[PDB]
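Input: a single structure, listed below in structure tokens.
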Amino acid sequence: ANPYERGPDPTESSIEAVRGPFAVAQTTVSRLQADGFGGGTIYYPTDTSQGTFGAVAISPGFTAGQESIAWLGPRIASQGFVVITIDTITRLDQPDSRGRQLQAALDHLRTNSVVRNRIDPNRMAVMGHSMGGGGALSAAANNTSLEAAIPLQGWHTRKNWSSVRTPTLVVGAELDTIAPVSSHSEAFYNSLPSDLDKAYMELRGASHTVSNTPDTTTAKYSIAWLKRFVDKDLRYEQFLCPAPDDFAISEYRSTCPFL
């Protein structure tokens, strides 16, 4: 058996859920307490009876606060993850700095008494929007032990990601004019190793700012990806392979099967 499985057997509806199977609580990390990032909020399951959980750090993009990604916090954590949504040190931080801050936010979780006994420190992931998604890729390139990476409309000047060894779901917005998929998202996907477990999911009609308010497609497939790779949870392969059928996805590419 897989000792990392948490929660009831899934369905498409369970991964679409705004509130997942786990009740969640939250704790604030002040800027002063946050070594190497701008503070944040940690969302976590309060039920400890199924074991420890993997951890996820999420960064906003250029000019943006934690509030632009906050909705992902409880929506993902309630599926069985400890999730920290960060503020960056400054609103103008670039992608590589954001990648350092994502790693610093994960590292913080190991030290914070409210959650350190709730995490499996070996099973961690990074996500982010815009330059924060560039940051997620940078963090993965710097730490091949990360179990998943999910850039959402990622922006980066670095286009070649051949050194990444972390399963990566690249979420593009079809009509993105800030981080256009042809030169950002889908170029990143194409330069990830061909033998990596990876997928490219393009959101039909979406603008760059799609991740700044709730988007069910983004949440459901982020949850499925995190389950499949952070928890090695084979119950979630069904949602990723073969390609998802949602209208909201204009294009899907992957290295399925991952099994």
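Convention: chains lettered A, B, ... in structure tokens order; per-chain residue numbering from 1; ligands numbered from 1 as shown.
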All residues 10 Å or closer to residue 108 (chain A), only C-alpha atoms, same chain fewer than 3 positions away omitted, as a ChimeraX atom specification = /A:29,33-37,84,102-105,111-112,115-116
Using only C-alpha atoms, which residues sit within 7 Å of residue 55 (chain A) once same-chain residues fewer than 6 positions away are excluded, as a VMD selection string?
-> chain A and resid 81 to 83 119 123 to 125
Generate a file of the selected residues that holds N, CA and C atoms, formatted as an mmCIF file, in the first residue's frame.
```cif
data_model
loop_
_atom_site.group_PDB
_atom_site.id
_atom_site.type_symbol
_atom_site.label_atom_id
_atom_site.label_comp_id
_atom_site.auth_asym_id
_atom_site.auth_seq_id
_atom_site.Cartn_x
_atom_site.Cartn_y
_atom_site.Cartn_z
ATOM 1 N N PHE A 81 -2.926 18.906 2.342
ATOM 2 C CA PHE A 81 -1.599 19.485 2.153
ATOM 3 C C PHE A 81 -1.437 20.619 3.150
ATOM 4 N N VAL A 82 -0.190 20.865 3.574
ATOM 5 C CA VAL A 82 0.130 22.087 4.301
ATOM 6 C C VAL A 82 0.590 23.102 3.268
ATOM 7 N N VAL A 83 -0.118 24.229 3.146
ATOM 8 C CA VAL A 83 0.068 25.167 2.051
ATOM 9 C C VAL A 83 0.405 26.538 2.612
ATOM 10 N N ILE A 119 3.906 17.962 8.698
ATOM 11 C CA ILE A 119 4.480 17.822 7.366
ATOM 12 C C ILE A 119 5.393 16.608 7.306
ATOM 13 N N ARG A 123 8.552 15.676 1.173
ATOM 14 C CA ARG A 123 7.539 15.701 0.100
ATOM 15 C C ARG A 123 6.980 17.110 -0.035
ATOM 16 N N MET A 124 7.609 17.909 -0.907
ATOM 17 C CA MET A 124 7.341 19.336 -1.017
ATOM 18 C C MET A 124 7.194 19.765 -2.471
ATOM 19 N N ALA A 125 6.432 20.845 -2.666
ATOM 20 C CA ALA A 125 6.127 21.351 -3.989
ATOM 21 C C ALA A 125 6.116 22.873 -3.993
#
```
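Residues lying within 10 Å of residue 143 (chain A), counting only C-alpha atoms and ignoring same-chain neighbours fewer than 5 positions away, are residues 103, 137, 138, 164, 165 and 166 of chain A.
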Output of the above residues as a PDB file, in the first residue's frame, restricted to N, CA and C atoms:
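See selection-v7.pdb below for the written result:
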```pdb
ATOM      1  N   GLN A 103      11.578  28.538  -1.796  1.00  0.00           N
ATOM      2  CA  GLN A 103      12.348  27.557  -1.046  1.00  0.00           C
ATOM      3  C   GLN A 103      12.447  27.958   0.430  1.00  0.00           C
ATOM      4  N   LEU A 137       9.718  27.440 -11.288  1.00  0.00           N
ATOM      5  CA  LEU A 137      10.670  26.737 -12.157  1.00  0.00           C
ATOM      6  C   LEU A 137      12.102  26.914 -11.654  1.00  0.00           C
ATOM      7  N   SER A 138      12.474  28.139 -11.267  1.00  0.00           N
ATOM      8  CA  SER A 138      13.823  28.366 -10.741  1.00  0.00           C
ATOM      9  C   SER A 138      14.075  27.542  -9.485  1.00  0.00           C
ATOM     10  N   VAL A 164      15.614  20.531 -15.042  1.00  0.00           N
ATOM     11  CA  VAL A 164      14.576  20.226 -14.069  1.00  0.00           C
ATOM     12  C   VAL A 164      14.316  18.721 -14.048  1.00  0.00           C
ATOM     13  N   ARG A 165      14.169  18.169 -12.847  1.00  0.00           N
ATOM     14  CA  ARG A 165      13.897  16.754 -12.624  1.00  0.00           C
ATOM     15  C   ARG A 165      12.644  16.548 -11.779  1.00  0.00           C
ATOM     16  N   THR A 166      11.871  17.596 -11.549  1.00  0.00           N
ATOM     17  CA  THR A 166      10.655  17.603 -10.735  1.00  0.00           C
ATOM     18  C   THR A 166       9.441  17.549 -11.648  1.00  0.00           C
TER      19      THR A 166
END
```
Sel. of strand (DSSP E) residues, region 16-190 of chain A, as an mmCIF file with N, CA and C atoms, in the first residue's frame:
```cif
data_model
loop_
_atom_site.group_PDB
_atom_site.id
_atom_site.type_symbol
_atom_site.label_atom_id
_atom_site.label_comp_id
_atom_site.auth_asym_id
_atom_site.auth_seq_id
_atom_site.Cartn_x
_atom_site.Cartn_y
_atom_site.Cartn_z
ATOM 1 N N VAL A 24 -9.694 22.711 7.707
ATOM 2 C CA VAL A 24 -8.419 23.404 7.740
ATOM 3 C C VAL A 24 -8.425 24.505 8.776
ATOM 4 N N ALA A 25 -7.236 24.773 9.308
ATOM 5 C CA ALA A 25 -6.951 25.923 10.145
ATOM 6 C C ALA A 25 -5.827 26.705 9.473
ATOM 7 N N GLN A 26 -5.522 27.875 10.027
ATOM 8 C CA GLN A 26 -4.499 28.721 9.437
ATOM 9 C C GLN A 26 -3.707 29.435 10.516
ATOM 10 N N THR A 27 -2.478 29.796 10.152
ATOM 11 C CA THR A 27 -1.605 30.582 11.012
ATOM 12 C C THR A 27 -0.832 31.581 10.159
ATOM 13 N N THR A 28 -0.612 32.771 10.709
ATOM 14 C CA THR A 28 0.066 33.844 10.000
ATOM 15 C C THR A 28 1.547 33.820 10.344
ATOM 16 N N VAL A 29 2.375 34.039 9.332
ATOM 17 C CA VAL A 29 3.815 34.201 9.486
ATOM 18 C C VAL A 29 4.115 35.677 9.212
ATOM 19 N N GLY A 40 3.605 35.271 5.274
ATOM 20 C CA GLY A 40 2.623 34.470 4.571
ATOM 21 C C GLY A 40 1.554 33.952 5.501
ATOM 22 N N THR A 41 0.704 33.101 4.942
ATOM 23 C CA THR A 41 -0.330 32.398 5.687
ATOM 24 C C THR A 41 -0.165 30.916 5.412
ATOM 25 N N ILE A 42 -0.190 30.104 6.462
ATOM 26 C CA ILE A 42 -0.109 28.658 6.334
ATOM 27 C C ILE A 42 -1.484 28.083 6.616
ATOM 28 N N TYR A 43 -1.999 27.300 5.667
ATOM 29 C CA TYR A 43 -3.250 26.574 5.794
ATOM 30 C C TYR A 43 -2.929 25.096 5.960
ATOM 31 N N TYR A 44 -3.623 24.421 6.886
ATOM 32 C CA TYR A 44 -3.250 23.042 7.163
ATOM 33 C C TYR A 44 -4.461 22.229 7.607
ATOM 34 N N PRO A 45 -4.477 20.929 7.313
ATOM 35 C CA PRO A 45 -5.548 20.066 7.845
ATOM 36 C C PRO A 45 -5.396 19.923 9.343
ATOM 37 N N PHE A 53 1.413 15.225 6.060
ATOM 38 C CA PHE A 53 1.053 15.672 4.730
ATOM 39 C C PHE A 53 2.257 16.288 4.025
ATOM 40 N N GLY A 54 2.221 16.274 2.697
ATOM 41 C CA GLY A 54 3.157 17.053 1.932
ATOM 42 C C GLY A 54 2.879 18.541 2.059
ATOM 43 N N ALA A 55 3.865 19.339 1.652
ATOM 44 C CA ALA A 55 3.816 20.789 1.809
ATOM 45 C C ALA A 55 3.975 21.476 0.465
ATOM 46 N N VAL A 56 3.321 22.629 0.324
ATOM 47 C CA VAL A 56 3.293 23.387 -0.911
ATOM 48 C C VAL A 56 3.494 24.860 -0.585
ATOM 49 N N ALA A 57 4.372 25.548 -1.327
ATOM 50 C CA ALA A 57 4.533 27.000 -1.217
ATOM 51 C C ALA A 57 4.064 27.643 -2.523
ATOM 52 N N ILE A 58 3.358 28.777 -2.409
ATOM 53 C CA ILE A 58 2.740 29.453 -3.544
ATOM 54 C C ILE A 58 3.139 30.926 -3.524
ATOM 55 N N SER A 59 3.664 31.416 -4.663
ATOM 56 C CA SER A 59 4.085 32.820 -4.804
ATOM 57 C C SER A 59 3.185 33.587 -5.754
ATOM 58 N N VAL A 82 -0.190 20.865 3.574
ATOM 59 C CA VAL A 82 0.130 22.087 4.301
ATOM 60 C C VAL A 82 0.590 23.102 3.268
ATOM 61 N N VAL A 83 -0.118 24.229 3.146
ATOM 62 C CA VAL A 83 0.068 25.167 2.051
ATOM 63 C C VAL A 83 0.405 26.538 2.612
ATOM 64 N N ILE A 84 1.540 27.106 2.185
ATOM 65 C CA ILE A 84 1.895 28.466 2.563
ATOM 66 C C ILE A 84 1.786 29.383 1.354
ATOM 67 N N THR A 85 0.943 30.406 1.466
ATOM 68 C CA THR A 85 0.826 31.459 0.466
ATOM 69 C C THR A 85 1.687 32.621 0.943
ATOM 70 N N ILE A 86 2.643 33.069 0.128
ATOM 71 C CA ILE A 86 3.610 34.062 0.587
ATOM 72 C C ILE A 86 3.295 35.448 0.055
ATOM 73 N N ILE A 119 3.906 17.962 8.698
ATOM 74 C CA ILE A 119 4.480 17.822 7.366
ATOM 75 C C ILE A 119 5.393 16.608 7.306
ATOM 76 N N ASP A 120 5.528 16.074 6.096
ATOM 77 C CA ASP A 120 6.598 15.176 5.709
ATOM 78 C C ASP A 120 7.586 16.035 4.946
ATOM 79 N N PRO A 121 8.714 16.379 5.571
ATOM 80 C CA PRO A 121 9.649 17.325 4.956
ATOM 81 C C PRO A 121 10.286 16.811 3.674
ATOM 82 N N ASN A 122 10.159 15.510 3.403
ATOM 83 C CA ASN A 122 10.665 14.910 2.181
ATOM 84 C C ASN A 122 9.747 15.108 0.982
ATOM 85 N N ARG A 123 8.552 15.676 1.173
ATOM 86 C CA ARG A 123 7.539 15.701 0.100
ATOM 87 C C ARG A 123 6.980 17.110 -0.035
ATOM 88 N N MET A 124 7.609 17.909 -0.907
ATOM 89 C CA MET A 124 7.341 19.336 -1.017
ATOM 90 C C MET A 124 7.194 19.765 -2.471
ATOM 91 N N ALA A 125 6.432 20.845 -2.666
ATOM 92 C CA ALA A 125 6.127 21.351 -3.989
ATOM 93 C C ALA A 125 6.116 22.873 -3.993
ATOM 94 N N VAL A 126 6.254 23.425 -5.202
ATOM 95 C CA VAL A 126 6.233 24.864 -5.417
ATOM 96 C C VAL A 126 5.224 25.202 -6.523
ATOM 97 N N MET A 127 4.565 26.347 -6.359
ATOM 98 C CA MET A 127 3.641 26.879 -7.346
ATOM 99 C C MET A 127 3.817 28.394 -7.382
ATOM 100 N N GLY A 128 3.384 29.023 -8.466
ATOM 101 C CA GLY A 128 3.313 30.469 -8.434
ATOM 102 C C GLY A 128 2.691 31.012 -9.702
ATOM 103 N N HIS A 129 2.220 32.257 -9.606
ATOM 104 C CA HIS A 129 1.640 32.967 -10.736
ATOM 105 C C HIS A 129 2.644 33.941 -11.334
ATOM 106 N N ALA A 148 6.952 18.313 -6.904
ATOM 107 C CA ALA A 148 6.119 18.852 -7.964
ATOM 108 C C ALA A 148 6.385 20.341 -8.102
ATOM 109 N N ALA A 149 6.132 20.860 -9.309
ATOM 110 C CA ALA A 149 6.216 22.281 -9.612
ATOM 111 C C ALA A 149 5.056 22.642 -10.524
ATOM 112 N N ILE A 150 4.402 23.770 -10.240
ATOM 113 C CA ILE A 150 3.235 24.193 -11.018
ATOM 114 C C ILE A 150 3.316 25.709 -11.270
ATOM 115 N N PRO A 151 3.917 26.118 -12.401
ATOM 116 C CA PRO A 151 3.865 27.524 -12.812
ATOM 117 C C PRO A 151 2.524 27.829 -13.482
ATOM 118 N N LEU A 152 1.892 28.905 -13.013
ATOM 119 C CA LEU A 152 0.596 29.380 -13.502
ATOM 120 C C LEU A 152 0.872 30.669 -14.271
ATOM 121 N N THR A 168 6.327 18.454 -13.473
ATOM 122 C CA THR A 168 5.882 19.824 -13.656
ATOM 123 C C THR A 168 4.622 19.878 -14.508
ATOM 124 N N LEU A 169 3.607 20.579 -13.973
ATOM 125 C CA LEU A 169 2.389 20.927 -14.694
ATOM 126 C C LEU A 169 2.500 22.408 -15.055
ATOM 127 N N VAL A 170 2.613 22.695 -16.347
ATOM 128 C CA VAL A 170 2.710 24.059 -16.841
ATOM 129 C C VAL A 170 1.309 24.507 -17.234
ATOM 130 N N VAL A 171 0.763 25.517 -16.543
ATOM 131 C CA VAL A 171 -0.582 26.006 -16.837
ATOM 132 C C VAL A 171 -0.465 27.332 -17.577
ATOM 133 N N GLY A 172 -0.847 27.330 -18.857
ATOM 134 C CA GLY A 172 -0.845 28.521 -19.664
ATOM 135 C C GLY A 172 -2.221 29.136 -19.780
ATOM 136 N N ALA A 173 -2.267 30.437 -20.072
ATOM 137 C CA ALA A 173 -3.514 31.117 -20.432
ATOM 138 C C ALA A 173 -3.481 31.366 -21.937
#
```
Mind checking which residues fall within 9 Å of residue 90 (chain A), counting only C-alpha atoms, ignoring those fewer than 3 positions away in the same chain, and posting them as a PyMOL selection string?
-> chain A and resi 37-38+63+87+93
Restricting the output to C-alpha atoms, write the selected residues as a PDB file, in the first residue's frame.
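Written out: again.pdb:
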```
ATOM      1  CA  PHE A  37      10.507  35.781   2.284  1.00  0.00           C
ATOM      2  CA  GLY A  38       7.908  38.456   3.044  1.00  0.00           C
ATOM      3  CA  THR A  63       3.327  43.994  -8.107  1.00  0.00           C
ATOM      4  CA  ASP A  87       4.182  37.718   0.242  1.00  0.00           C
ATOM      5  CA  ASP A  93      11.128  40.957  -7.010  1.00  0.00           C
TER       6      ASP A  93
END
```
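When only C-alpha atoms are used to compute distances to residue 118 (chain A), the closest of the residues A:199, A:89, A:77, A:141 turns out to be A:77.
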